[PDB]
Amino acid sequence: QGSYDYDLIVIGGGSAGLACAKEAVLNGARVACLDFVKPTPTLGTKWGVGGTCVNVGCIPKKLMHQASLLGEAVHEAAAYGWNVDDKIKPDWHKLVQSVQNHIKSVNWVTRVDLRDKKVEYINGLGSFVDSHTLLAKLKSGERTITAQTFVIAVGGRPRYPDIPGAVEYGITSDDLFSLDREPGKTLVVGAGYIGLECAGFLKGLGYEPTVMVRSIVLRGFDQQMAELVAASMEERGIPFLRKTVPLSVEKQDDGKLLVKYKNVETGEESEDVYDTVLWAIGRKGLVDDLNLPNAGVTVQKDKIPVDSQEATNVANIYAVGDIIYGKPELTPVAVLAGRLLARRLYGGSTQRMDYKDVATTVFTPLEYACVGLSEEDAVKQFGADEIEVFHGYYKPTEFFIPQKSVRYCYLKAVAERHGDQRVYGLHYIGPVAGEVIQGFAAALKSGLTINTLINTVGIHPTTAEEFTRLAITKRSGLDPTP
């Protein structure tokens, strides 16, 4: 009660913003949704509607990971009697065209879907004038629009190190999936899931990545599982530069990139030449252009703190997805929080988003999926002596004939030691990690216990059945290799 141009304005058109805008209209709101994509500096990469996942995230990364797995499949096929040739090579440019052809088909479908659902899509950059007023800057011109409620869904963009040559000579994941030039010998700075997945499918597509790690691999993940993923990448011939930080990048006369770098423990300074330098050193939330102080919204560095209803400290302004402080930065999380948020606003729902036990997958050459607590978090939370860890190495049926290493085929269930022996966390390295873990995440939400887990009849022959076969505890001290 007051009267504005819209019930709801959503700022940002990626996973959360669009899910939110669509669910809001379904429930009868009058809604606008702004989306705009700043081109990468140098290179100037830009793209269509639908945000990070579709354009420069989950989707192209999965497709290139598939490109890399298919190469290996071609190699294994010979072991099974197929008369395949060995000297096979990927055309990078055909790969990139395929992937970009897919993404642009998706951009169109999404654009049509919005218009069909009557979501008013504005292609401009929104900034607050006040807690109820937004200026949209359009390709040419501006509109000032009001709303009862604002959902901030602006996400982030890749960070650049504060080092000479960084922006002129390096790229990020924004550039990588449409790179005009072949990656070639590549330096991947950062050992979060993005850097690892990148290095992984670079090696698999015939290039030469090296991963540079400042301190640890996959911070926020179970560190045993982390180190197993890193060693499995080294087994695949991907070198790692541990405890090492970039100093500078310069272009040589021959067009090669000379990177000087520094070991952070020893102080040792080194250099090497690469064709490509990929920064995968984190993503910074896009609060900057919002002019949040005009709106009264408090900020926590580059992110926005929200209550369990995704409200900011300003009662009418909400934020959802990646710009939000301290929550899983993942697509299905953005989508579902976006939608639920529209449903409480307009569909009379009280269902709040559940952020606990979110499953995830790192799509490394051998993939790592997990849901729930890491081993160390459970131990910190409850005490070593109130925790049980069941573990083992296993052998995929599909690995024997081609003789593929099973050295890093390992899984573990982290659980309550007594009582109901509640399962806290599940971790798996191996083929189709995410396909395996998804149903187990649903089980953890239904209260999975160790007794149920271990008495769920296996589907044979699968690697998923290895979770139901778990029996050796770390406490027993018994060899986890059957």
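From 1 onward, residues are counted along the sequence shown.
So 295 to 303 or 352 to 360, which one's hotter by mean CA B-factor in the entry?
Mean C-alpha B-factor is greater for 295 to 303.
So 452 to 460 or 60 to 68, which one's hotter by mean CA B-factor in the entry?
The stretch with the larger average C-alpha B-factor is 452 to 460.
Identity of residue with top Cα B-factor, from 113, 197, 375, 142
Going by the entry's C-alpha B-factors, 142 comes out highest.
Highest recorded Cα temperature factor - choice among 187, 88, 77, 371:
When the deposited C-alpha B-factors of 187, 88, 77, 371 are compared, 88 is largest.
Among the modelled residues of this chain, does the Cα B factor of residue 248 put it in the lowest, middle or highest third?
Ranked within chain, residue 248 CA B lands in the highest tercile.
Taking the entry's C-alpha B-factors for this chain, is residue 128 in the lowest, middle or highest third?
Ranked within chain, residue 128 CA B lands in the highest tercile.
For the chain shown, is the CA B-factor of residue 42 in the lowest, middle or highest third of its modelled residues?
Residue 42: CA B-factor falls in the highest third of its chain.
Taking only the Cα B-factors deposited for this chain, tell me whether residue 308 sits in the lowest, middle or highest third.
As the PDB entry reports it, the C-alpha B-factor of residue 308 lands in the highest third of its chain.
Residue 318 by Cα B-factor - lowest, middle or highest third of the modelled chain
Residue 318: CA B-factor falls in the highest third of its chain.
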